[PDB]
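Close look at the chain arrangement
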Amino acid sequence: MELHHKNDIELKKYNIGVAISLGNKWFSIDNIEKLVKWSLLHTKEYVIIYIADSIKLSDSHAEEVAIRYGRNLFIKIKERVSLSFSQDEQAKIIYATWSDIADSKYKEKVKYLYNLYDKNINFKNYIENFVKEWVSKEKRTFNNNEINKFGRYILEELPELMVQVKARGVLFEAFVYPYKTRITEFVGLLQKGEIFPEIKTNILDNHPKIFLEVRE
């Protein structure tokens, strides 16, 4: 389990976030645990564990995920960690729920995306196509009202992937993830302003989240 400048991680200049995709088959407890091992070694100081995407007891879909499943996932993770790591390692690990991340400043960026999603048909159309591709991987089908529902849900997590955000007071500049996805490619074009440049102009600050590709 090693990372795919190069010298910045081996200079341990960044705090590392472990972005978990709930329900993704790769994110077993063992792989999560190995991602936490790697991050504790290479981090500046803290390791942040959080729920990244999710591909009605709340008006927020990420908040809904957090309370239906993210809680019990975090509990299993804490159990495993308390057996696999020493006391001094565990004090470096922060469990960040959706609420910890989606403070007032964060929600402003989401609402900007929501606004763009309704007023700008090309953004809506492009976001909608994202969902339609993910559906086609499945043996399930979805209607256009569902496809459009799930596109809004991406916008809710889109700022955390692009911008450096605090959680429980802690800015984490980098996050580990085992593979490139259509999402990480899109975020890279956004950050560079190569696609939908009004997004960069509005909700980015040239403090881009560093994506570290770490897998076995």
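What comes next concerns the included structure. (Residues numbered from 1 in each chain as written, not as in the entry; some residues may be left out. Heavy atoms only, no water. Residues with missing side-chain atoms left out of burial classes, pairs and counts.)

1. Examining the overall build of the protein
Stated formally: We count a stretch as a helix when DSSP gives it H or I for four or more residues in a row; a strand needs E for two or more, and each element gets its number in order from the N terminus. With C-alpha atoms as the basis for the radius of gyration, the globule rule is written as 2.2 Å multiplied by the number of residues raised to the power 0.38.
Scanning the protein from N- to C-terminus turns up ten helices and eight strands. Here the protein has a C-alpha radius of gyration of 17 Å; the compact-globule value for 216 residues is 17 Å, and the two agree. Viewed in the frame of its principal axes, the protein has a C-alpha envelope of about 50 × 35 × 30 Å.

2. Observations regarding the pairing of strand β3 (residues 47–53)
We apply this condition: Only protein chains enter the accessibility calculation, which uses a 1.4 Å probe; a residue is then buried when its area is under 20% of its type maximum, exposed when over 50%, and partly exposed in between. At least two DSSP bridges between two strands are needed for those strands to be called paired. Every crossover in which the path from the first strand over the helix to the second runs clockwise, viewed with the strands pointing away from the viewer, is termed right-handed.
With six of its seven residues buried, β3 lies for the most part within the structure. Strand direction decides the pairing type here: strand β2 (residues 16–21) and β3, joined by six bridges, are parallel. Within the sheet, the bridge partner assigned to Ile16 lies in β3 and is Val47. The handedness of the β2 to β3 crossover, carried by helix α2 (residues 29–42), is right-handed. The sheet contact formed by β3 and strand β4 (residues 93–96) spans four bridges and is parallel. What sits directly across from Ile48, in β4, is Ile94.

3. Concerning the packing of aromatic side chains
The relative placement of two aromatic rings is captured by the distance of their centres and the angle of their planes. Short version of the rule: Stacked, tilted and edge-to-face are the three classes applied to pairs of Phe, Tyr and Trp rings, where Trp contributes its six-membered ring and a pair requires centres within 6.5 Å; stacked means planes under 30 degrees apart, edge-to-face means over 60, and tilted covers the rest.
Counted under the stated rule, the structure contains 15 aromatic pairs. Arranged with centres 5.8 Å apart and planes meeting at 70°, the rings of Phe74 and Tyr95 form a pair that is edge-to-face. Of this pair, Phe74 sits in helix α3 (residues 61–84) while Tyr95 sits in strand β4, placing them 21 residues apart in sequence. Take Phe74 and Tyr95: they sit in the same class, and that class is buried.

4. Points about the sheet that holds strand β1 (residues 2–3)
Inclusion rule: Here, residues are in contact when the closest pair of their heavy atoms is within 4.5 Å. Angles here are taken between N-to-C directions and fall from 0 to 180 degrees, while the axes themselves are lines fitted to C-alpha atoms, restricted in helices to the stretch in contact.
The strand order across the open sheet built from six strands is β1-β8-β7-β2-β3-β4, with neighbouring strands paired in mixed fashion. The sheet is open, and its two borders are formed by β1 and β4, each paired with just one other strand. Bridge analysis of β1 against strand β8 (residues 210–215) gives two bridges, and the strand direction is antiparallel. Directly across from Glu2, in β8, lies its bridge partner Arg215. Where α2 meets the sheet, its contacts fall on β1, β2, β3, β4, β7 (174–177) and β8, and the angle it forms with β2 comes to roughly 170°.

5. Observations concerning the pairing of β2
Looking down a regular strand, the side chains alternate between one sheet face and the other. Most of β2 sits out of view: six of its six residues are buried. Because side chains alternate across β2, one face comprises the buried residues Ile16, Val18 and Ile20, and the other comprises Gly17, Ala19 and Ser21, equally buried.

6. Quick look at the packing of helix α6 (residues 104–119) against helix α7 (residues 121–137)
Put simply, the rule is: Roughly parallel here means an angle under 35 degrees, roughly antiparallel means over 145, roughly perpendicular means 65 to 115, and every remaining angle is called oblique. Residues are grouped as follows: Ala, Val, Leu, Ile, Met, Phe, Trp, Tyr, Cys and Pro are nonpolar; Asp, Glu, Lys and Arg are charged; every other residue, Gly included, is polar.
Running from N to C, α6 and α7 point in directions that differ by 100°, and their axes come no closer than 5 Å. With respect to each other, α6 and α7 are oriented roughly perpendicular. Contacts between α6 and α7 pair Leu113, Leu116, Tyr117, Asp118 and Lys119 from the former with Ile121, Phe123, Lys124, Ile127 and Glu128 from the latter. Here the contact of α6 with α7 is built from residues that sort into six nonpolar, no polar and four charged.

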